[PDB]
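Shown here is one chain on its own, the form deposited in one PDB entry, set out as structure tokens.
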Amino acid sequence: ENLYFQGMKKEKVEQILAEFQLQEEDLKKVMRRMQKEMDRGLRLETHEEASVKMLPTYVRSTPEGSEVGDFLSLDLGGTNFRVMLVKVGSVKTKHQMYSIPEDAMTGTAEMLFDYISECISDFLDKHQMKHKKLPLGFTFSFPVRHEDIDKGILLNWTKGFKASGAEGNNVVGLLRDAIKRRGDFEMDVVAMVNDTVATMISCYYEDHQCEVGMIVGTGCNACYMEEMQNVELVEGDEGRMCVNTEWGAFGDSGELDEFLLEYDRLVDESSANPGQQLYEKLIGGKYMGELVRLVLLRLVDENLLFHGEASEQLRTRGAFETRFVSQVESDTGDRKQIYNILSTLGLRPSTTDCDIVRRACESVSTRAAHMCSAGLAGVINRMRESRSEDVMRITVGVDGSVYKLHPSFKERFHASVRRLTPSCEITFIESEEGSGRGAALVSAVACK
């Protein structure tokens, strides 16, 4: 054992883990670069080359006038596929979740939308309603270049999605075509929204100060209410329009290069979209645990962890799940939680190994919280400037398992957004069934 040696090991672990550190000045630089990229995406002259697409959603700040009744909501792209029935009068919901097979997410668009329509059919039978033709709102968690609220093309798949015959086509069209092939129900697709947009809308229903939507789950993205005069891609300078930043693609033109560590390159190289969504790759739940797995293999190689031996499970892709990062950080100090996770990964961890794993997890999750904060602060700072407000009071509607379930992420992120947002008063709100509710609320407003 030896207490002096155990300590020397933790000191070398720390020297390696120090590479994850971001100073406040590094965060201001990342923020200013994000802001620079946001200005570029919004302008007609630089939009095509901008990595941050600042996509117009066609969701506008409207005086009001919502329709009443039953609205169907679809949710694709997060954790599984969701069908929701929404009653607007007051808003009450009925919902069901479906596990998307891999063969659908990695086969053809036809297979993907066929499965989606099969699920819709099943939801309608379980609620006895495959006869009623309802207005339908679609949450589609991918970059889309809109023509209108109900018409938009998929730019590219993100988060490991690979279905053929989708990129370059109208997503509402693919959906509508799938429903017709099946022929057992009828729906009127009135709106297609990003998950950030749906979250902002459902959170706004509870707090009218909500004008920013943020996702920190499988992926990482944000939307906000932009001045119509700044939205150059849409003719008009009156009122506001929701803009999907698609900030996951920040760093794709080399904007984050000085901060990319070896673990980031490996995660990217072994990903379904290499060279894409690099900022998201620093924060997202699809990558977080994989980043911890890579750091652990590095420490196994320096003879600082597990007697320098990694098990088959520790050398398995995606084996250190993001939930294990959250769970390792939940550990009360007894090390029981860390121990069980490691035992299940075929390791014989000592108390020191448990502590080192705890440290690698905090280094990765604290970096994610800090990178994410630079992005939110840039959006918020830009809004304060655009609205020419001395002190801007805004509410941010947030969804996702990383922001929601990680034990310290949320706290580290809020404190870092605060340091970077002086003269800003930010309220953070967590969405209760965010996406589904949001897509139907936009549908009720749109259905006039």
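Heads up, when I say rigid core I mean the largest set of C-alphas that superpose within 1.5 Å between the two forms. The first residue of the sequence shown is number 1, and the count goes up from there.
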How many residues sit between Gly89 and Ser90 in the deposited sequence but have no coordinates: none, 1 to 3, 4 to 9, or 10 or more? 4 to 9
Residue range whose averaged C-alpha B-factor is higher in the record, 371-379 or 107-115: 107-115
Can you let me know which of the two, 128-136 or 186-194, has the higher average C-alpha B-factor in the entry? 128-136
Highest CA temperature factor in the entry: which of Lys180, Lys281, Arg317, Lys336? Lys336
Residue selected from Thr199, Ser164, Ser121, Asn80 by maximal Cα B factor: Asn80
Considering every modelled residue of the chain and its Cα B-factor in the PDB entry, is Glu206 in the lowest, middle or highest third? highest
Compared with the other modelled residues in the chain, in which third is the CA B-factor of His95? highest
Would the CA B-factor of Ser61 place it in the lowest, middle or highest third of its chain? highest
Chain-relative C-alpha B factor for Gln229 (record values, thirds): the middle
B-factor third for the C-alpha atom of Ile426 within its chain: lowest
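Not pictured, yet referred to below: the form deposited in another entry.
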Have a look at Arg387, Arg393, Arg32, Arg419 and give me the residue whose C-alpha moves 2 Å or more between the shown form and the other one, with the fit done on the rigid core. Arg387
